[PDB]
Amino acid sequence: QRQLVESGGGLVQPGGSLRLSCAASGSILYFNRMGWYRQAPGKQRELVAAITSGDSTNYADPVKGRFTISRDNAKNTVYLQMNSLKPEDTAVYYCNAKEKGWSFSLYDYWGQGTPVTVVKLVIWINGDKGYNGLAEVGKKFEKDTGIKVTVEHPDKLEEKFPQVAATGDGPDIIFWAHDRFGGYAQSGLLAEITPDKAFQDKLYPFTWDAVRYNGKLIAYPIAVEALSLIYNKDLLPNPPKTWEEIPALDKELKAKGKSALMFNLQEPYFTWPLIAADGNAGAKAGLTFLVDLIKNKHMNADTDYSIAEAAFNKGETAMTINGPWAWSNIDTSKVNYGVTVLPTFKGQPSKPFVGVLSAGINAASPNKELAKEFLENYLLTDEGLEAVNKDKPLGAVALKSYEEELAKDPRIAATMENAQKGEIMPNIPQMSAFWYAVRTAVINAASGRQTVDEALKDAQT
Ligand SMILES: OC[C@H]1O[C@H](O[C@H]2[C@H](O)[C@@H](O)[C@@H](O)O[C@@H]2CO)[C@H](O)[C@@H](O)[C@@H]1O
């Protein structure tokens with residue numbers, strides 16, 4: 001009898017290629033039509049290509065331009081050269097042949113089927129982090145498996161993820177501080193994390209608590225993040241221990257063509273430590289001080305991450321407020337820097353919010369088990385976290401094995417100092433609305449629109 005046998009089905013990276021081949025146990029000359037049909041999980045049959053005895057080749061609009069149906073009557077084989085592959089292609093590919101009998105009737109013949117998988121691992125992480133290093137981990141993953149690991153860093157990913165991931169595809173794995181994850185969890189945008197005891201035991205038990213919402217693990221903890229006072233040791237050997245002595249220092253420095261302190265005033269995460277130093281009466285005190293700095297022309301009105309960073313690295317400002325991630329760019333520059341305790345306000349310390357960098361799996365992802373493999377066996381390893389850390393520092397890693405190395409770093413000590421003086425952010429769904437309320441409040445008071453008393457009024461609502 002006549003039997004069709006397909007081959008060439010495997011795993012590939014989008015943009016890659018695959019040659020399917022279907023050999024018959026009889027001459028293709030006898031066939032009228034030969035063609036390729038595909039079936040994806042839970043879907044109807046979809047013709048992709050066909051070739052008639054008359055040498056005419058037809059294709060479906062999705063594959064048109066990308067796929068070519070070929071035939072070799074010597075080898076008694078029909079081919080499908082699939083170039084520039086996409087995730088929509090992923091399906092079981094079947095070979096079909098039709099034969100007119102001697103009489104009026106016809107015969108349809110089918111094959112076993114050959115599986116084609118187009119898989120890409122996509123990761124969303126912020127641009128201020130070590131995406132290049134994260135890619136080096138991803139490159140080792142592809143060597144040991146065959147899956148592509150692209151690393152993306154889009155602007156406003158914290159508020160682009162819940163919109164895109166809900167409707168569209170978005171990323172497989174999302175990287176952000178733990179505070180944003182409760183809102184994703186409530187909305188149903190994250191898969192439940194199920195790590196075995198042995199993996200679970202590799203990380204500090206306090207770190208796991210930050211990535212828990214209603215008794216379910218919603219992410220993998222990576223590292224603890226806290227803002228510290230970054231200062232130029234040459235321009236300022238004995239930096240301010242108090243916030244209230246910065247105006248004096250600024251007067252001194254402005255005479256020599258230099259600023260005292262430049263940091264990101266737009267993002268409320270940077271201004272919150274000063275605001276929360278005393279506490280309400282504490283928020284009113286802390287903000288009024290911040291307002292007086294801009295009013296006394298000590299700080300610029302629209303001071304953002306880039307002009308603050310650049311100014312410090314250039315050697316224009318004596319101080320800056322930033323996280324572990326910012327250190328590598330300073331090292332690149334020729335600035336003898338120091339990381340220390342944040343200045344105190346009204347005697348009491350400035351309480352910076354503490355973030356736990358965490359990796360979560362998108363609920364609407366087909367690569368949930370592949371991402372778990374990447375996160376556990378490749379990223380959350382000594383070797384894996386090292387790679388990320390040499391690009392842009394992670395801070396105090398969640399890995400137990402890294403304690404000695406963390407403790408040997410003076411900047412980590414300063415980070416932990418500030419983290420103890422601060423507090424971990426609750427993961428709750430209301431954090432988004434909270435942060436927005438503070439973002440507006442600080443900008444309005446900074447520019448000169450709303451009063452300090454009226455800012456806390458609108459923010460408490
Ligand atoms: O600015 C408010 C913003 O702050 C925090 O985001 C931090 C993030 O945690 C850090 O890793 C760093 O990259 O900067 C961000 C602020 O610029 C909160 O995690 C976030 O929810 C909040 O929107």
# chains A, B, ... in the order shown; residues from 1 in each chain; ligands from 1
$ closest_atom_pairs --of "chain A" --to "ligand 1" --cutoff "6 Å" --atoms "only C-alpha atoms and all ligand atoms" --output "Markdown table"
| residue | atom | partner | partner_atom_place_in_ligand_line | distance |
| --- | --- | --- | --- | --- |
| A:128 | CA | ligand 1 | 13 (O) | 6.0 |
| A:177 | CA | ligand 1 | 9 (O) | 4.6 |
| A:179 | CA | ligand 1 | 21 (O) | 5.8 |
| A:180 | CA | ligand 1 | 21 (O) | 5.3 |
| A:267 | CA | ligand 1 | 1 (O) | 3.9 |
| A:268 | CA | ligand 1 | 1 (O) | 4.3 |
| A:269 | CA | ligand 1 | 1 (O) | 4.0 |
| A:355 | CA | ligand 1 | 9 (O) | 5.6 |
| A:435 | CA | ligand 1 | 23 (O) | 5.7 |
$ residues_around --residues "residue A:75" --least-positions-apart "4" --cutoff "12 Å" --atoms "only C-alpha atoms" --output "mmCIF file with N, CA, C and O atoms, in the first residue's frame"
data_model
loop_
_atom_site.group_PDB
_atom_site.id
_atom_site.type_symbol
_atom_site.label_atom_id
_atom_site.label_comp_id
_atom_site.auth_asym_id
_atom_site.auth_seq_id
_atom_site.Cartn_x
_atom_site.Cartn_y
_atom_site.Cartn_z
ATOM 1 N N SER A 21 9.958 17.290 5.311
ATOM 2 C CA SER A 21 10.047 16.376 4.196
ATOM 3 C C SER A 21 9.078 15.232 4.395
ATOM 4 O O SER A 21 9.053 14.647 5.468
ATOM 5 N N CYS A 22 8.277 14.922 3.382
ATOM 6 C CA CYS A 22 7.277 13.871 3.407
ATOM 7 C C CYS A 22 7.464 12.923 2.252
ATOM 8 O O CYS A 22 7.217 13.293 1.112
ATOM 9 N N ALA A 23 7.950 11.719 2.551
ATOM 10 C CA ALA A 23 8.230 10.663 1.611
ATOM 11 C C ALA A 23 7.112 9.644 1.574
ATOM 12 O O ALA A 23 6.591 9.258 2.615
ATOM 13 N N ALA A 24 6.763 9.201 0.381
ATOM 14 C CA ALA A 24 5.722 8.238 0.123
ATOM 15 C C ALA A 24 6.305 6.896 -0.304
ATOM 16 O O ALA A 24 7.466 6.846 -0.693
ATOM 17 N N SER A 25 5.509 5.816 -0.229
ATOM 18 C CA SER A 25 5.882 4.468 -0.645
ATOM 19 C C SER A 25 5.195 4.149 -1.963
ATOM 20 O O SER A 25 4.502 3.147 -2.118
ATOM 21 N N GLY A 26 5.427 5.029 -2.907
ATOM 22 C CA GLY A 26 4.866 4.992 -4.235
ATOM 23 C C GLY A 26 5.216 6.249 -4.997
ATOM 24 O O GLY A 26 5.649 7.236 -4.400
ATOM 25 N N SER A 27 5.047 6.221 -6.309
ATOM 26 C CA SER A 27 5.359 7.368 -7.136
ATOM 27 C C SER A 27 4.391 8.525 -6.962
ATOM 28 O O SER A 27 3.178 8.350 -7.030
ATOM 29 N N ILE A 28 4.952 9.723 -6.768
ATOM 30 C CA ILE A 28 4.239 10.987 -6.627
ATOM 31 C C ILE A 28 3.552 11.365 -7.946
ATOM 32 O O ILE A 28 2.575 12.106 -7.926
ATOM 33 N N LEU A 29 4.007 10.804 -9.066
ATOM 34 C CA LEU A 29 3.430 10.996 -10.387
ATOM 35 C C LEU A 29 1.935 10.634 -10.353
ATOM 36 O O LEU A 29 1.120 11.389 -10.872
ATOM 37 N N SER A 70 7.873 22.543 -2.315
ATOM 38 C CA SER A 70 8.731 21.969 -3.330
ATOM 39 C C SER A 70 8.424 20.485 -3.458
ATOM 40 O O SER A 70 7.789 19.905 -2.580
ATOM 41 N N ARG A 71 8.828 19.891 -4.579
ATOM 42 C CA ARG A 71 8.614 18.492 -4.889
ATOM 43 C C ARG A 71 9.798 17.922 -5.638
ATOM 44 O O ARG A 71 10.362 18.595 -6.491
ATOM 45 N N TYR A 79 8.353 18.685 0.029
ATOM 46 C CA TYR A 79 9.063 19.475 1.011
ATOM 47 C C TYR A 79 8.335 20.744 1.410
ATOM 48 O O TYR A 79 7.566 21.279 0.626
#
$ residues_around --residues "residue A:231" --least-positions-apart "3" --cutoff "6 Å" --atoms "only C-alpha atoms" --output "number ranges by chain"
A: 318-319, 337-338
$ closest_residue --among "A:446, A:388, A:190, A:339" --to "residue A:410" --atoms "only C-alpha atoms"
A:339
$ closest_residue --among "A:227, A:210, A:123, A:387" --to "residue A:321" --atoms "only C-alpha atoms"
A:227
$ atom_distance --atom1 "atom CA of residue A:53" --atom2 "atom CA of residue A:30"
8.6 Å
$ decode --residues "stretch 331-368 of chain A" --atoms "N, CA and C atoms" --output "PDB file, in the first residue's frame"
ATOM      1  N   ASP A 331      31.752  53.746  38.388  1.00  0.00           N
ATOM      2  CA  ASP A 331      33.019  53.032  38.195  1.00  0.00           C
ATOM      3  C   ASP A 331      33.590  53.295  36.801  1.00  0.00           C
ATOM      4  N   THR A 332      32.716  53.319  35.786  1.00  0.00           N
ATOM      5  CA  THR A 332      33.069  53.600  34.401  1.00  0.00           C
ATOM      6  C   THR A 332      33.708  54.984  34.333  1.00  0.00           C
ATOM      7  N   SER A 333      33.122  55.970  35.009  1.00  0.00           N
ATOM      8  CA  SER A 333      33.662  57.318  35.106  1.00  0.00           C
ATOM      9  C   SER A 333      34.857  57.350  36.060  1.00  0.00           C
ATOM     10  N   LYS A 334      35.609  58.438  36.055  1.00  0.00           N
ATOM     11  CA  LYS A 334      36.764  58.617  36.916  1.00  0.00           C
ATOM     12  C   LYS A 334      36.376  59.526  38.089  1.00  0.00           C
ATOM     13  N   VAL A 335      35.526  58.981  38.966  1.00  0.00           N
ATOM     14  CA  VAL A 335      34.982  59.596  40.164  1.00  0.00           C
ATOM     15  C   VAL A 335      35.210  58.675  41.365  1.00  0.00           C
ATOM     16  N   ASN A 336      36.026  59.098  42.335  1.00  0.00           N
ATOM     17  CA  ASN A 336      36.261  58.352  43.568  1.00  0.00           C
ATOM     18  C   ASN A 336      35.020  58.561  44.435  1.00  0.00           C
ATOM     19  N   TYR A 337      34.110  57.580  44.391  1.00  0.00           N
ATOM     20  CA  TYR A 337      32.831  57.620  45.067  1.00  0.00           C
ATOM     21  C   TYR A 337      32.734  56.795  46.326  1.00  0.00           C
ATOM     22  N   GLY A 338      31.776  57.190  47.149  1.00  0.00           N
ATOM     23  CA  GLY A 338      31.399  56.553  48.388  1.00  0.00           C
ATOM     24  C   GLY A 338      29.894  56.418  48.501  1.00  0.00           C
ATOM     25  N   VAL A 339      29.434  55.338  49.113  1.00  0.00           N
ATOM     26  CA  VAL A 339      28.043  55.007  49.352  1.00  0.00           C
ATOM     27  C   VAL A 339      27.888  54.999  50.853  1.00  0.00           C
ATOM     28  N   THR A 340      26.915  55.721  51.389  1.00  0.00           N
ATOM     29  CA  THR A 340      26.717  55.856  52.819  1.00  0.00           C
ATOM     30  C   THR A 340      25.270  56.029  53.246  1.00  0.00           C
ATOM     31  N   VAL A 341      25.070  56.133  54.559  1.00  0.00           N
ATOM     32  CA  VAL A 341      23.803  56.366  55.218  1.00  0.00           C
ATOM     33  C   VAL A 341      23.151  57.618  54.654  1.00  0.00           C
ATOM     34  N   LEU A 342      21.836  57.601  54.462  1.00  0.00           N
ATOM     35  CA  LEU A 342      21.101  58.740  53.954  1.00  0.00           C
ATOM     36  C   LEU A 342      21.092  59.805  55.037  1.00  0.00           C
ATOM     37  N   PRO A 343      21.064  61.111  54.712  1.00  0.00           N
ATOM     38  CA  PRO A 343      21.055  62.113  55.775  1.00  0.00           C
ATOM     39  C   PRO A 343      19.820  62.048  56.676  1.00  0.00           C
ATOM     40  N   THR A 344      19.981  62.434  57.955  1.00  0.00           N
ATOM     41  CA  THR A 344      18.925  62.447  58.953  1.00  0.00           C
ATOM     42  C   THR A 344      18.160  63.745  58.823  1.00  0.00           C
ATOM     43  N   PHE A 345      16.867  63.749  59.140  1.00  0.00           N
ATOM     44  CA  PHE A 345      16.020  64.935  59.115  1.00  0.00           C
ATOM     45  C   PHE A 345      15.232  65.025  60.413  1.00  0.00           C
ATOM     46  N   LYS A 346      15.365  66.152  61.109  1.00  0.00           N
ATOM     47  CA  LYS A 346      14.807  66.438  62.417  1.00  0.00           C
ATOM     48  C   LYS A 346      15.364  65.443  63.444  1.00  0.00           C
ATOM     49  N   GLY A 347      16.638  65.111  63.297  1.00  0.00           N
ATOM     50  CA  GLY A 347      17.339  64.181  64.164  1.00  0.00           C
ATOM     51  C   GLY A 347      17.161  62.729  63.790  1.00  0.00           C
ATOM     52  N   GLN A 348      15.915  62.329  63.539  1.00  0.00           N
ATOM     53  CA  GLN A 348      15.526  60.983  63.148  1.00  0.00           C
ATOM     54  C   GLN A 348      16.041  60.637  61.741  1.00  0.00           C
ATOM     55  N   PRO A 349      16.219  59.340  61.408  1.00  0.00           N
ATOM     56  CA  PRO A 349      16.685  58.987  60.065  1.00  0.00           C
ATOM     57  C   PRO A 349      15.645  59.058  58.972  1.00  0.00           C
ATOM     58  N   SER A 350      16.112  59.242  57.732  1.00  0.00           N
ATOM     59  CA  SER A 350      15.308  59.226  56.525  1.00  0.00           C
ATOM     60  C   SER A 350      15.028  57.774  56.187  1.00  0.00           C
ATOM     61  N   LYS A 351      13.755  57.381  56.189  1.00  0.00           N
ATOM     62  CA  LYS A 351      13.271  56.027  56.004  1.00  0.00           C
ATOM     63  C   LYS A 351      12.988  55.688  54.531  1.00  0.00           C
ATOM     64  N   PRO A 352      14.000  55.181  53.807  1.00  0.00           N
ATOM     65  CA  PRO A 352      13.809  54.799  52.412  1.00  0.00           C
ATOM     66  C   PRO A 352      13.002  53.525  52.272  1.00  0.00           C
ATOM     67  N   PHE A 353      12.146  53.430  51.264  1.00  0.00           N
ATOM     68  CA  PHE A 353      11.365  52.233  51.033  1.00  0.00           C
ATOM     69  C   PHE A 353      12.277  51.130  50.538  1.00  0.00           C
ATOM     70  N   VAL A 354      12.013  49.897  50.952  1.00  0.00           N
ATOM     71  CA  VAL A 354      12.816  48.759  50.585  1.00  0.00           C
ATOM     72  C   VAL A 354      12.107  47.911  49.559  1.00  0.00           C
ATOM     73  N   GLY A 355      12.776  47.661  48.454  1.00  0.00           N
ATOM     74  CA  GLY A 355      12.272  46.846  47.379  1.00  0.00           C
ATOM     75  C   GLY A 355      12.978  45.526  47.252  1.00  0.00           C
ATOM     76  N   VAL A 356      12.245  44.502  46.869  1.00  0.00           N
ATOM     77  CA  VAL A 356      12.751  43.179  46.617  1.00  0.00           C
ATOM     78  C   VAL A 356      12.575  42.957  45.140  1.00  0.00           C
ATOM     79  N   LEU A 357      13.660  43.004  44.362  1.00  0.00           N
ATOM     80  CA  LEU A 357      13.598  42.722  42.935  1.00  0.00           C
ATOM     81  C   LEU A 357      13.094  41.299  42.829  1.00  0.00           C
ATOM     82  N   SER A 358      12.039  41.088  42.062  1.00  0.00           N
ATOM     83  CA  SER A 358      11.385  39.801  41.937  1.00  0.00           C
ATOM     84  C   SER A 358      10.969  39.461  40.512  1.00  0.00           C
ATOM     85  N   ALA A 359      11.096  38.193  40.129  1.00  0.00           N
ATOM     86  CA  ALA A 359      10.734  37.676  38.827  1.00  0.00           C
ATOM     87  C   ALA A 359       9.450  36.851  38.906  1.00  0.00           C
ATOM     88  N   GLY A 360       8.415  37.276  38.193  1.00  0.00           N
ATOM     89  CA  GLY A 360       7.129  36.603  38.115  1.00  0.00           C
ATOM     90  C   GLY A 360       6.840  36.051  36.740  1.00  0.00           C
ATOM     91  N   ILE A 361       6.066  34.956  36.643  1.00  0.00           N
ATOM     92  CA  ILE A 361       5.682  34.322  35.389  1.00  0.00           C
ATOM     93  C   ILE A 361       4.276  34.806  34.975  1.00  0.00           C
ATOM     94  N   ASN A 362       4.136  35.330  33.753  1.00  0.00           N
ATOM     95  CA  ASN A 362       2.883  35.815  33.185  1.00  0.00           C
ATOM     96  C   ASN A 362       1.875  34.684  33.074  1.00  0.00           C
ATOM     97  N   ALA A 363       0.679  34.871  33.641  1.00  0.00           N
ATOM     98  CA  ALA A 363      -0.422  33.915  33.625  1.00  0.00           C
ATOM     99  C   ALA A 363      -0.842  33.472  32.228  1.00  0.00           C
ATOM    100  N   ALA A 364      -0.726  34.362  31.244  1.00  0.00           N
ATOM    101  CA  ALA A 364      -1.065  34.110  29.855  1.00  0.00           C
ATOM    102  C   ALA A 364       0.139  33.724  28.987  1.00  0.00           C
ATOM    103  N   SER A 365       1.056  32.927  29.534  1.00  0.00           N
ATOM    104  CA  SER A 365       2.246  32.440  28.855  1.00  0.00           C
ATOM    105  C   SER A 365       2.228  30.939  28.629  1.00  0.00           C
ATOM    106  N   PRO A 366       2.595  30.433  27.439  1.00  0.00           N
ATOM    107  CA  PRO A 366       2.686  28.987  27.263  1.00  0.00           C
ATOM    108  C   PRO A 366       3.990  28.382  27.769  1.00  0.00           C
ATOM    109  N   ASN A 367       5.029  29.197  27.960  1.00  0.00           N
ATOM    110  CA  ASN A 367       6.352  28.775  28.404  1.00  0.00           C
ATOM    111  C   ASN A 367       6.546  28.851  29.932  1.00  0.00           C
ATOM    112  N   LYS A 368       5.532  28.480  30.719  1.00  0.00           N
ATOM    113  CA  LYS A 368       5.600  28.544  32.172  1.00  0.00           C
ATOM    114  C   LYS A 368       6.634  27.603  32.791  1.00  0.00           C
TER     115      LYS A 368
END
